[PDB]
Amino acid sequence: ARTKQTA
Amino acid sequence: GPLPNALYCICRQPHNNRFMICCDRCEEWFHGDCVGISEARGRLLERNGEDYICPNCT
Ligand SMILES: [Zn+2]
Ligand SMILES: [Zn+2]
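This entry lists X-ray crystallography as its structure determination method and reports a resolution of 1.350 Å.

The PDB entry lists chain B under the name Death-inducer obliterator 1, with Homo sapiens given as the organism. In the PDB, the title recorded for this entry is "Crystal structure of the DIDO PHD finger in complex with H3K4me3".

Below you can see the structure in the form of C-alpha cells.
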C-alpha cells in the first residue's frame, strides 16, 4: 500500500 | 504535487504531516487514525506491497 509517514 | 490545503479522508481534512494510507479501490487518502491503521501496520503494508481497502470501500 501507498503511505505518507510524518516527516 | 498537491497543495498543503487539499482535503482528504472520511473527515475531509488536510494531510497536516499525519500518517496516511491510500485506498487501492477508490484512490482516496485516509489518516491512519481515522480508519484504524497504525503506523506500524502502514510500514508493513508499504513494504509488503499489499493493497489497502478503506472502510467506504468495504
Ligand atoms: Zn481523516
Ligand atoms: Zn476506498
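There's plenty left to go through after this.
Caption draft 1: Spatial organisation of the coordination of the zinc ion (ligand 2). Residue and element names in this part refer to chain B. In the first shell of the zinc ion (ligand 2), the protein supplies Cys 23 (SG), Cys 26 (SG), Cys 54 (SG) and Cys 57 (SG), at 2.3 to 2.4 Å from the metal. In this structure, the zinc ion (ligand 2) is surrounded by 4 donor atoms whose angles at the metal cover 106 to 114 degrees, and the resulting shape is tetrahedral. In primary-sequence terms, the residues that donate to the zinc ion (ligand 2) follow C-x2-C-x27-C-x2-C. Here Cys 57 lies in the segment after α2 (39–48) and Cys 23 lies in the loop between β1 (20–22) and β2 (29–31), a separation of 34 residues in the sequence. Of the two residues, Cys 23 and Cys 57, both sit in the buried class.

Caption draft 2: Structural detail: the side chain of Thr3(A). Relative to the helices and strands, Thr3(A) resides in strand β1 (residues 3–4). Dropping the residues within four chain positions of it, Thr3(A) is found in contact with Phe19(B), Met20(B), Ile21(B), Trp29(B), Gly42(B) and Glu46(B).

Caption draft 3: Local environment of the nonpolar core. All names here are of chain B. Judged by nonpolar contacts, the single largest core of 16 residues is most densely connected at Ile 21, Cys 23, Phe 30, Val 35, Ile 37, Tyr 52 and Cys 54. At the level of secondary structure, the elements contributing two or more residues to this core comprise β1 and β2. Sort the elements by how many residues they give to this core and β1 lands first, with 3 residues. Beyond its immediate chain neighbours, meaning those up to four positions away, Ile 37 contacts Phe 19, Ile 21, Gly 32, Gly 42 and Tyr 52.

Caption draft 4: Layout of the coordination of the zinc ion (ligand 1). All names here are of chain B. The protein atoms that coordinate the zinc ion (ligand 1) are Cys 9 (SG), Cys 11 (SG), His 31 (ND1) and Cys 34 (SG), at distances spanning 2.2 to 2.3 Å. Classification of the site at the zinc ion (ligand 1) rests on its 4 donor atoms, whose angles at the metal span 95 to 118 degrees, yielding the label tetrahedral. In terms of primary sequence, the donors binding the zinc ion (ligand 1) are separated according to C-x1-C-x19-H-x2-C.

Thresholds, definitions, all that
Residues numbered from 1 in each chain as written, not as in the entry; some residues may be left out. Chains lettered and ligands numbered in written order. Heavy atoms only, no water. Donors = N, O, S within 2.8 Å, 3.2 Å for Na, K, Ca; no water. Tetrahedral: all angles 85-135°; square planar, octahedral: opposite > 155°, others 65-115°. Helix = DSSP H or I, 4+ residues; strand = E, 2+ residues; numbered from the N terminus. Buried < 20%, exposed > 50% of the residue type's maximum accessible area, 1.4 Å probe, protein only. Contact = heavy atoms within 4.5 Å. Core = buried A, V, L, I, M, F, W, Y, C linked by side-chain atoms within 4.5 Å.

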